[PDB]
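An overview of the molecular structure
Now for the letters of each chain:
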Amino acid sequence: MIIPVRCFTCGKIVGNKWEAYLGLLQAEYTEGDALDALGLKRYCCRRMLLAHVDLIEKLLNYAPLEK
Amino acid sequence: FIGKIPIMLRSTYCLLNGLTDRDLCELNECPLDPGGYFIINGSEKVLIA
Amino acid sequence: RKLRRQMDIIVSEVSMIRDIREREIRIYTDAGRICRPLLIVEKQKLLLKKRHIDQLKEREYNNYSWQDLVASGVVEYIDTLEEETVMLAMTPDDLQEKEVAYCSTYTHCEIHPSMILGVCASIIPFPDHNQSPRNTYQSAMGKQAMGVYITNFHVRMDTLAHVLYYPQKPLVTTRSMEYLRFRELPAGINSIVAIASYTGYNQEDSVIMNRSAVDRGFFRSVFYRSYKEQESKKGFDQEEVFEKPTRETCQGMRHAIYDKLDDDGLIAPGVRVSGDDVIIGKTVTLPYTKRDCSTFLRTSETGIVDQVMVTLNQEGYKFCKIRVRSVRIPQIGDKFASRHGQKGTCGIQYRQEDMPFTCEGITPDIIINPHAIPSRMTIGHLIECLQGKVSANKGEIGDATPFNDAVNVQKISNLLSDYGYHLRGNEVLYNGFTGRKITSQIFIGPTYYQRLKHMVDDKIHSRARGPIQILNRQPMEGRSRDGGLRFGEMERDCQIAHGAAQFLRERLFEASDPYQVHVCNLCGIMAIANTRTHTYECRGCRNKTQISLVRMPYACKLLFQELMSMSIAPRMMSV
Amino acid sequence: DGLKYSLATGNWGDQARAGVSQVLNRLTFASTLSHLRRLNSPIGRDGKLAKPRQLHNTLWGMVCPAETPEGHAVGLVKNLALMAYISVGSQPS
Amino acid sequence: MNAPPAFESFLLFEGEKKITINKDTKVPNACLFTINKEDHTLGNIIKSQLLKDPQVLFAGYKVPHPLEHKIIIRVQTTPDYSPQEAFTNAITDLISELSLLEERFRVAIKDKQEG
Amino acid sequence: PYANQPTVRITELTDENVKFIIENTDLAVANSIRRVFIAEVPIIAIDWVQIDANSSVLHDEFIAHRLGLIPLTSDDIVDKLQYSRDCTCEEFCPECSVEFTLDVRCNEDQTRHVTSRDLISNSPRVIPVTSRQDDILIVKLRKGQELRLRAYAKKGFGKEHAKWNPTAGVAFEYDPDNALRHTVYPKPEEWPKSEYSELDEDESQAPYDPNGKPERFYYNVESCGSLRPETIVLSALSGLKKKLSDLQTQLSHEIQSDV
Amino acid sequence: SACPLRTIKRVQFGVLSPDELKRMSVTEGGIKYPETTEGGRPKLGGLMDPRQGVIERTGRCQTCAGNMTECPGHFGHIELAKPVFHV
Amino acid sequence: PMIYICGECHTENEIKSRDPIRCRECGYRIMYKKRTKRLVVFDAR
Amino acid sequence: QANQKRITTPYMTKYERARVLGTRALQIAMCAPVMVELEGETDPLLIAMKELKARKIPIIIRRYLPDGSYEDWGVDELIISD
Amino acid sequence: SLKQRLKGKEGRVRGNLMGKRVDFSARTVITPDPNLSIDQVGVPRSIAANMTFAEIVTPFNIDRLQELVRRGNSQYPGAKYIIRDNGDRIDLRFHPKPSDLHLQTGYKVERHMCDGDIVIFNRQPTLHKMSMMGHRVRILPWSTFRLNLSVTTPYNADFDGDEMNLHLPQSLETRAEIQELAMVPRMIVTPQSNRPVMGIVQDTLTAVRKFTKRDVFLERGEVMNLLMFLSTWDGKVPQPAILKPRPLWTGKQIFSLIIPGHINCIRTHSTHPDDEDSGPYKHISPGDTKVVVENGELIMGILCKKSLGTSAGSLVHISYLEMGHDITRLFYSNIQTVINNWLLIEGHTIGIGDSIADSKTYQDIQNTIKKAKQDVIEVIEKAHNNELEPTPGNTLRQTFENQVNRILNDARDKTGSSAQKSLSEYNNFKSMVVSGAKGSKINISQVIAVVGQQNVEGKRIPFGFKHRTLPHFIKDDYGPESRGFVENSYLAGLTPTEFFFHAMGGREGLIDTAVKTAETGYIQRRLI
Amino acid sequence: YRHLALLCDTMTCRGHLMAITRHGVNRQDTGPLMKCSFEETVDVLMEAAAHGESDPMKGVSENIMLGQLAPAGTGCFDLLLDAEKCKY
RNA sequence: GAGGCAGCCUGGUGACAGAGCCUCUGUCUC
Ligand SMILES: [Mg+2]
Ligand SMILES: [Zn+2]
Ligand SMILES: [Zn+2]
Ligand SMILES: [Zn+2]
Ligand SMILES: [Zn+2]
């Protein structure tokens, strides 16, 4: 659904890097440079953003029960 | 009137046919759900070839 | 052939077969033939030219599509017995001029050889590097992996659904996984897997998991249980109603809790429910003044009511569904899989302190035994951990499509070297308990794992004089009924060979269906016995004075009465 | 009710061959996609003849070689190759 | 359902002794220490510190099972030196090392902040 | 027969990490030190949640799970809070908990990101690390969706739950050129040299030292933010000293009963 | 119970004599009615005869204090108007 | 009475014992049970 | 048969050992007298094994021959393998 | 009908008399625990609280049973019922008044299953009497059953989600049978073949082989770690094999403390060469490939499956014969707990490094295949020229097919032995093939060298198309590529045709598994 | 070999090829209760009824069905209280 | 689309769905 707060392996916060990561990709960075610019050095953290799927962008198409 | 035929979802006779992704989300349908099955008494049913 | 390629008179789905030795030409317009598209080859050249790819690139806004490729006469549908008559190149490499000529008269070309695989076999990386039984085991295990199953899962009141908190797309992906929409709806997580013999809890096919990853939500999921219920009017003067029951009106009232119900006789969502809590109060009028039909939350669960919805069914009676959710934090005994038939239960969980760590401080998420690899020869599992370590460092998702001559384990090793890792993926680990280096350098990499539908708290069961069947008076059947386990024929066969005759009469009698009958001494048929009058009789003999008591299984008394109903006289003689 | 009953039960006749019309599997999206592409041979599961269960050469490119169930169903229940198309028929006129 | 509460890894229940001392009858001047609610963190440093004492003939630790949180430490010493004294000494030596290491880290901090 | 006398160098120091070297200590002590960095340094993290409304696409314990993982600034008051086991009050009080609040409704026509910036606290000492560096996304709300909840943070350590582990990583290394042969390379020429390697390009290992033991331990303690990275290390040394002096007291009481 | 406990040392098979069926049966006039119930309660000589066993989960039977569990059930008979082959 | 929310127009309407379920203002036939008001406490774990 | 011309072996079989201990344990639980000086034991099945190894269990084993005859052997008369 | 109630399976006799559902039984998934004795089982604390044993009240135990009554069913240590002399049972689940907590001699208290209760433990299909053995209960956290890994060998169990049935005996008289007849230690040796049914296996066996090399030297602190796990140890540290310049013990020297009593045994290690017993060094074995145990002490030789496996006359067989069950229980338990704790120092792994060979070896493999394929072309040229003549009693086609099968069986085994000779002594496939813990020399050949010929019903892949194997080949092509010779390793990866032919061969194994699993109880029933 | 032998003995001790088929068993001298547990449960008992056959209750399946100690292993002997040795 | 037995029977457990007024079907697990 939504980006994990922590990297599962080591406890590094990545829940504040997802919107920045997409912004860096909008700036035509590679995923490599974008992960570097965010300070994701360990591959255990790089796999958190590189492999996340933001399905919450699909759950928010459906209108809520209460308007 | 002679009877009812159960209709295969997203077939050309379905109400979901030809809708775009924006429309299906209004119906609370999934745009990625493939259809190709029937609903009988609320159960989804597949005709295995 | 010309007319079918032009689509003029002959629909492209018509198949046409000359059988040159038989001097038969056959044509089939019949339905239900299976066929597949193949590229046409003429004079040792593909008819597909570079211009077709350019037009197909513009498909985002240009009208050109697959239809125009078929209509151009560039691809052909060919069926299972026109294939008897074609020569297929496997790739346009086969068309090249070669020093030794195998065939010079190809007629068609395979599009991509990997399109022989199906759905669940195309989520497998490097399947050309696996023993084929293991590709089959995944194609069955893939269907059991949790993920997100459909996007509109919040409105659906499906009786069972499992949705994973944090599914990821694989770091290592077959190109066909695009068309499966596995990126959009993934069913697994990339996990740091150490192939190491650690404390031994990953022996056989068990697996060790990082407890600190599990605390951070690794493979955490929620389980949705949906209960339907239906009101009715029956005949002229019986009704069911949803209502709050009460012990001054309803016969069947339990000592359990009804105060979670509202005045409509339903719970409301957000309430915390446990086994034997009433989730719907339902009553039926009794000719006490009502019987109780209330539904109970299915035992051994604990959860919270996620949704309650109320409607009219096909007949216009009040009709209701309740959905309950509970979260399933993975335990030992939960079953996991690797996309390569490496199924296995979690054997123990070690906190981040105790897991073996690299110089960088990386612990693994999962440790699997190396003994799972040599006999099974899942070499595709090893190459994924290598390609995934290159991909997580390069910041890429790695092309694991089968039959891809452009990729090699040597080439992946070279690329891994450039990031400052040993080219074969080994890494020096340190023991978490003592800090000493481990003498072997463990193979570590990121590998896509799956959590399967099978969980121990679904399966844990015990029996101790629970409910009893009506006819046999033996224990009920199955976990859902609090049923007893079947001590079968082969079990008694062993207890005979063990000579455990007293256990065998315990387990197979006094711990199942103990009973007593009185029996006439003069004929072996059951006597009437008024235990509280102290009087006994054999109608049949007028014996009133010499009658035995006989312990026997209830299913054995039942047999003898069921034999007597066929007029057989199984006379039990005590003497 | 005649069309509805066999779709509701799977019994393909007037109350027959069972096991048409399974419930659509909704465990995971790959399950659903596989279920809608499954094929079944009606041969009885109790016989021990292997020949109908073997992977024939003509399944190449038509039916998935890797995917088949465990147990007594082995090799009879099958699944389509991703580009396999089943004809729908025309009149020969 | 059967999950052990996580605080039960380090909180004693009412009437658990933190330590228990039993003489090992197999061999002389040997003793067995049972440490409740501790793990490899506290076992391995006390073993290592005991192994430095030249009057300690045997020191070792195990956790009997990973799912229940206790250590057993076995200590054997020369005669005229009890394993109770060897164990109490090893603790005071570790307290001295850790306070001395702490003071030197505080200094190195200031030297790195203010320079 | 007595204590080692260890020495320290600090080679890097930031808000994010420390690199330091300890020399002349046991591998056993060097390891138990990195163990305490992970799991027995206490911090404050959210442990109790009551949700008063939730209309988002995440269920109530999905949001409460994420609240637990948000790193709270702990540096100053963790030493002053009791553990909730110790305080004599019924339920909570300011002696043992920090009260949090979060009310958000999406009335605007476009997706409101709910974040750690929206968590609001009874005191200034305790704010989310990203406010003390973009904020951690709690949930995304659609128009008309809502989330309001009350929470409490409590003192604990990473043995209880990984939310109380203060470190984003702990490097640990010794003998960076393999002089002790505590690992054995089947082809030593194929291994990248450590950061701390002291070899030329062509020599692949230090020659064997039969006399040696582990003597020089290289650390890199990275904080998640709840503690400054050097105050993690000082809390570990003070805590591990406290653990041993708890033993020594209870051991002395038992000797005064064996005897 | 008053009776002596015994093991079963032999089983003798055979056929029930039709006179022994008459002697054994508690349905002293045979079954006569297809119906189960009189005025809702069970019909004697019908297919729920209260001498033929305990009917209800807390009831009794007319022939012995049957306690539902303790009563083995008792045999009845239908007198066939004409002999018929046993298949 | 209870208050249920229409599945089609998201409005509340009050509804009551033996009253058929239909939605005023749009005629739709599926209702949702609102959400509870008593407190439930979560560990943030 | 008398205590003479016994043809069965003097060893107590594992099956006899199993049932003798099971029976005597049940007797001790039913507050039978104990034929040995117990030493802090309280489990009747451990007391039974102590009485067996002492040869003190007051039981006679009746061994049926397939001709229908039988031999009586006191438990003290039988050799124990274990 | 009445007959249909009786007809057979699920009918009264077979379905409810020759086998039936039973009270006091439990089922759950099994998981490993190397910290258990072979005679122990780890039981979920919920299961132990749900299942009770009726214990008779006596002056020896009434003081204890009063407490378990006074705790009652909400505690785990407690009881579910009291049974009076009348058989009237007080249910303790719902708080009874003090009149109903009274206890007197001859009452039965349904106390909960405790540590040290005896249970039968079973896995279906129950193919032999070793598939039901007595275990002693240890209560553990979590919901799975735990069994020691040696005990997985009798049951044919593995931890990929298998489930097992616990049966709790309900009287002292049948408690004693299981103890005296059926306990795991009494089951170590099977009458089927007088072999032992339990061996050492998996990690412990690969570590046993590695631990017992001459190279394995242990320092004082490591030895004092391993000796902490010996339950049998006497407390005397042995004098080290090397005293100067540094005290070092050897793996053999600590294993000699695991071996019980004064066992005398001789074996060979799996790599022992043929010459070594005939030339010089009949003793003082160069490779340490000859095992000799004397007086309970391992003097020389590498231990492996030939020595601690389930075969006859193994070191663990002779332990049972010379020492009995009570001591051989401890032998299995000690081998695992010390040598699994040593593997915390060695570790073990397999990776991509172990499945790769030198560029020398790959050229030897490729040149072998290139000749073999050209030889098959020569045999075809003979057949097509009508120069081939039949073998006696055989068809010409049978002659041709045997000759082609000859050439390609040579190639598979020539490349396979080339690959195995190419393996460095560090290789981790070799470390399992040589210990015998898993895998085999053909697996190494397939992973490293050549997967080989794929067979359908014992023949080269059939012409399922008209005179050809697939649409890709021309007709009448009998060559190795055409008919299913997979000339690539799993590391090299299969070509598309090879991948399909390898699925055709793999399917036959899946069919035969289903057929043979469809029969497991059939013959055994008729025989019994 | 002592298991291979015991099968070959049992298959031949009655003087003919005792095939272990339904009628190959149902020509044994075994009682009606044991025969009904194999292959033809009711038909076996019809012929037992029509011919007035008897079962001596001396097989294992026989005593199992009636819930009595089987004539096997721990059951194949009997125990008597040594009321004289109870003196000591 | 296969046996075998005198129309029926095709090896042990297991867990869930669907259909019907407990019985039947299908899928799945070792
Ligand atoms: Mg298994
Ligand atoms: Zn990380
Ligand atoms: Zn009579
Ligand atoms: Zn009666
Ligand atoms: Zn509405």
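A chain's residues are numbered here from 1, following its sequence as written, a convention that may not match the entry; residues for which no coordinates exist are omitted. To label them, take the chains in the order written and letter them from A, then take the ligands in the order written and number them from 1. Note: displayed chains form a subset of a larger assembly, with all reported quantities computed for the displayed subset only. The side-chain values count all of the structure's non-hydrogen atoms but skip hydrogen atoms and water molecules.

Per the deposition metadata, cryo-EM was the technique used to determine this entry, at a resolution of 3.1 Å.

**Regarding the overall build of chain G**
The secondary structure content of chain G amounts to one helix and one strand. For chain G, whose C-alpha radius of gyration is 16 Å, the value lies well above the compact-globule estimate of 12 Å for 87 residues. Based on the C-alpha atoms only, the size of chain G along its principal axes is roughly 45 × 40 × 20 Å. Relative accessibility thresholds used throughout: buried, under 20% of the residue-type maximum; exposed, over 50%; partly exposed, between the two (1.4 Å probe, protein chains only). Counting the 87 residues in chain G, one finds 40% classified as buried. In chain G, the share of contacts with a sequence separation of at least 24, taken over all contacts with a separation of at least 6, comes to 27%. As presented, chain G carries roughly 5700 Å² of accessible surface, and 55% of it is formed by carbon and sulfur atoms. Mean positive and mean negative side-chain charge positions of chain G (12 and 9 charges, respectively) differ by 6 Å. Starting at the N terminus, helices and strands are each numbered in turn, a helix being any DSSP run of H or I of at least four residues and a strand any DSSP run of E of at least two. For the radius of gyration, the atom set is restricted to C-alpha positions; the globular benchmark scales as 2.2 Å times the number of residues to the power 0.38. Whether two residues are in contact is decided by their heavy atoms, any of which lying within 4.5 Å being enough. Per-residue and other accessible areas follow the Shrake-Rupley method at a 1.4 Å probe size, with only the shown protein chains counted as cover for residues. Under the convention used here, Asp and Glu are negative, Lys and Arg are positive, and both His and the chain ends fall outside the count. A charged residue contributes its charge at one atom only: NZ of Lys, CZ of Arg, CG of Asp or CD of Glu.

**Here we look at the sheet that holds strand β9 (residues 167–174) of chain F**
Pairing is antiparallel in the open sheet, where four strands are placed in the order β1-β2-β10-β9 (chain F). Among the strands making up the open sheet, the edge pair consists of β1 (7–13) and β9 of chain F. Averaged over all neighbouring strand pairs, the angle between strand axes comes to 15°, with direction disregarded. Note on pairing: DSSP must find at least two bridges between two strands before they are called paired. Relative to strand β10 (residues 216–223) of chain F, strand β2 (residues 17–23) of chain F runs antiparallel, the two being bridged by seven bridges. Paired with F:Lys19 across the bridge in β10(F) is F:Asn220. A fitted line through C-alpha atoms serves as each axis, taken over the contacting stretch for helices, and the angle formed by two N-to-C directions is quoted from 0 to 180°. Contacts between helix α2 (residues 83–113) of chain E and the sheet are confined to β1 and β2 of chain F, with β1(F) contributing the most and set at about 35° to the helix. Taken strand by strand, helix α3 (residues 229–258) of chain F contacts β1, β2, β9 and β10 of chain F, and its axis lies near 120° from that of β10(F).

**Looking at the packing of helix α12 (residues 359–384) of chain J against helix α13 (residues 396–421) of chain J**
Residues and elements named next belong to chain J. Where α12 meets α13, the closest approach of the two axes is 10 Å, and the angle between their N-to-C directions is 175°. Accordingly, the angle class assigned to the pair α12 and α13 is roughly antiparallel. Contact with α12, carried on its side by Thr361, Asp364, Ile365, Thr368, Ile369, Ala372, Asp375, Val376, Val379, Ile380 and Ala383, involves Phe400, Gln403, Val404, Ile407, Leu408, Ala411, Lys414, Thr415, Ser418 and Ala419 of α13 and no other residues of that element. Its residues assigned to classes, the contact of α12 with α13 comprises 13 nonpolar, five polar and three charged. The scheme is simple: roughly parallel for angles under 35 degrees, roughly antiparallel for over 145, roughly perpendicular for 65 to 115, oblique for anything else. Any residue outside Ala, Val, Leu, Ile, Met, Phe, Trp, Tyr, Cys, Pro, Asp, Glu, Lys and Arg is labelled polar, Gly included; the first ten of those are nonpolar and the last four are charged.

**Thoughts on the coordination of the zinc ion (ligand 5)**
Residues and elements named next belong to chain H. Donor atoms are limited to N, O and S found within 2.8 Å of the metal ion, a distance that becomes 3.2 Å for Na, K and Ca. With water left out, some sites might look partial. Distances from the zinc ion (ligand 5) to its protein donors, namely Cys6 (SG), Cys9 (SG), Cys23 (SG) and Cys26 (SG), fall within the range 2.3 Å. Of note, the donors binding the zinc ion (ligand 5) are all from one chain and are spaced C-x2-C-x13-C-x2-C. Of this pair, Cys9 sits in the loop between β1 (2–6) and β2 (12–15) while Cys23 sits in the loop between β2 and β3 (31–32), and the two are 14 residues apart along the sequence.

**Notes on the UniProt feature "binding site: Zn(2+)" (unreviewed entry) in chain A**
All names here are of chain A. Cross-referencing UniProt, the feature "binding site: Zn(2+)" (unreviewed entry) maps to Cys7, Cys10, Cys44 and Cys45 in the present numbering. These residues run over 39 residues, yet every pair of their C-alpha atoms falls within 7.9 Å of each other. Turning to its location among the elements, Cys10 is positioned in the segment before α1 (18–26). Mapped onto the elements, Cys45 comes out in helix α3 (residues 43–51). Dropping the residues within four chain positions of it, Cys45 is found in contact with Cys7, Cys10, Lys12 and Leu40. UniProt positions are given in the numbering used here, feature names are shortened, and annotations may be inferred rather than shown by experiment.

**Notes on the protein's contact with RNA strand L**
Residue proximity to a molecule or strand is established when one non-hydrogen atom of the residue lies within 4 Å of it. Taken together, 44 residues lie around RNA strand L, and C:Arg479, J:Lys7, J:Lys9, J:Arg21 and K:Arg22 are the ones closest in. Taking the atoms of RNA strand L that fall within 4 Å of the protein, sugar and phosphate contribute 79% of them. Interatomic distance of 2.7 Å between a side-chain N/O atom of J:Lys7 and a sugar or linking oxygen of RNA strand L. Elements that contribute at least two residues to the surface near RNA strand L include exactly β31 (485–487) of chain C, α1 (2–9) and β1 (22–23) of chain D together with α2 (22–25) of chain K. N or O atoms within 3.5 Å of each other form a polar contact, as long as, within protein, one can give a hydrogen and the other can take it, and as long as residues adjacent in sequence are counted only when both atoms are side-chain atoms.

**Quick notes on the interface of chain K and chain G**
At the junction of the two partners, chain K supplies 14 residues and chain G supplies 10 residues. Together, the buried faces of chain K and chain G total about 890 Å²; carbon and sulfur atoms form 62% of this surface. Here the quantity called buried area is the accessible surface, traced with a 1.4 Å probe, that two parts lose on coming together, added over both. Contact with chain G buries area across many residues of chain K, yet K:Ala49, K:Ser54 and K:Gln68 alone supply 36% of it, more than any other trio. One speaks of a salt bridge when a side-chain nitrogen belonging to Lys or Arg is within 4 Å of a carboxyl oxygen belonging to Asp or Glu. Counting the contacts that link chain K with chain G gives zero salt bridges. For the pair chain K and chain G, the number of links is seven residue pairs in polar contact. Of all the secondary-structure elements, those providing two or more residues to the side of chain K that touches chain G are α3 (32–36), α4 (41–50) and β1 (54–55) of chain K. Here the side of chain K that touches chain G takes four residues from α4(K), the largest share from any one element.

**Some remarks on the coordination of the zinc ion (ligand 2)**
All names here are of chain A. Distances from the zinc ion (ligand 2) to its protein donors, namely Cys7 (SG), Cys10 (SG), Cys44 (SG) and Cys45 (SG), fall within the range 2.3 Å. Around the zinc ion (ligand 2) sit four donor atoms, and with donor-metal-donor angles ranging over 101 to 113° the site reads as tetrahedral. Ordering the donors of the zinc ion (ligand 2) by residue number gives the pattern C-x2-C-x33-C-C. Judged by its relative accessible area of 0%, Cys7 falls in the buried class. Judged by relative accessible area, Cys10 falls into the buried class, the value being 2%. Sites are called tetrahedral only when four donors show all angles between 85 and 135 degrees, square planar or octahedral only when four or six donors show opposite pairs over 155 degrees and all other angles between 65 and 115, and irregular in any remaining case.

**Things to note about the sheet that holds strand β4 (residues 41–43) of chain H**
The five strands are arranged β6(F)-β4(F)-β8(F)-β3(F)-β4(H) in an open sheet whose pairing can be described as antiparallel. The open sheet is flanked by β6 (120–121) of chain F together with β4 of chain H, the only strands paired with a single partner. Relative to strand β8 (residues 146–156) of chain F, strand β3 (residues 43–54) of chain F runs antiparallel, the two sharing 10 bridges. Within the sheet, the bridge partner assigned to F:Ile44 lies in β8(F) and is F:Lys155. Running at roughly 155° to β3(F), helix α2 (residues 60–69) of chain F makes contact with β3 and β8 of chain F together with β4 of chain H of the sheet.

**Digging into a negative patch on the surface**
Every patch collects residues that have over 30% relative accessible area and no salt bridge, joining them within 9 Å if they carry like charges and within 5 Å if they are nonpolar side chains (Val, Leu, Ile, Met, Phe, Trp, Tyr). Negative charge collects at one region of the surface, where F:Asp200, F:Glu201, F:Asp202 and F:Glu203 lie side by side. Take F:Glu201: it is sitting in the loop between β9 and β10.

**Concerning the side chain of E:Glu97**
Here E:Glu97 lies in helix α2. Buried charged residue E:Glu97 carries no salt bridge. Nearest counter-charge: E:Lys52, at 7.1 Å. Only 2.7 Å separates the side chain of E:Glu97 from the side chain of F:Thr25, close enough to count as a polar contact. Filtering out sequence-adjacent residues up to four positions away, E:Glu97 remains in contact with F:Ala3, F:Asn4, F:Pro6, F:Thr25, F:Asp26 and F:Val29.

**Describing the interface of chain C and chain J**
Between chain C and chain J, the contact holds 119 residues from the first and 119 residues from the second. For the pairing of chain C and chain J, the buried interface totals around 10400 Å² over both sides, and the portion due to carbon and sulfur atoms is 58%. Three residues stand out in chain C for area buried against chain J, namely C:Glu204, C:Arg465 and C:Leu485, and they jointly supply 8% of the buried area on that side. For the pair chain C and chain J, the number of links is eight salt bridges. The salt bridge partner of C:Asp19 is J:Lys466, with a shortest N-O separation of 2.7 Å. Where chain C touches chain J, the interface holds 68 residue pairs in polar contact. Per element, the largest residue contribution to the side of chain C that touches chain J is eight residues, and it comes from helix α10 (residues 489–497) of chain C.

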